[PDB]
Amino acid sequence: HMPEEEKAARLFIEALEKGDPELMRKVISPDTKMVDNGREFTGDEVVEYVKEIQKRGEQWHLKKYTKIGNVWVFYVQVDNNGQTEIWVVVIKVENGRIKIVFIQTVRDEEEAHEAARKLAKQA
């Protein structure tokens, strides 16, 4: 039902939702780039990132997502120890693997849409 491109991106989010590094390993490639609020990760660093989520006990929940051009935009609720934020996650898949992921934290669903537009245009 879901195309491979969508499956890939969706799996990336699933990994974070479940804090599952092995799941993440399956989706990324040595040149996969992720930028989390300015901080760049590459390759295995992204898997290590997922290990940190789990360790921290951080809870990622997907609210909804959409396709803008050739990038995927996910809106995720993130929780750490009695505090809740919306994070925007923009993914570009190339040849069935994650090329580039942009993550940014935002303070309302309106600024979410703004960041999504902005980050999409960079991906």
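In case it trips you up, residue 1 is the first one in the sequence shown, and so on.
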Could you check the entry and say whether 73-81 or 44-52 has the higher mean CA B-factor?
73-81
Look over 25-33 and 89-97 in the entry and identify the one with the greater average Cα temperature factor.
89-97
Would you mind ranking residue 118 by its C-alpha B-factor against the rest of the chain and naming the third, lowest, middle or highest?
lowest
In terms of its chain's C-alpha B-factors, the third that includes residue 10 is the middle
Residue 112 by Cα B-factor - lowest, middle or highest third of the modelled chain:
middle
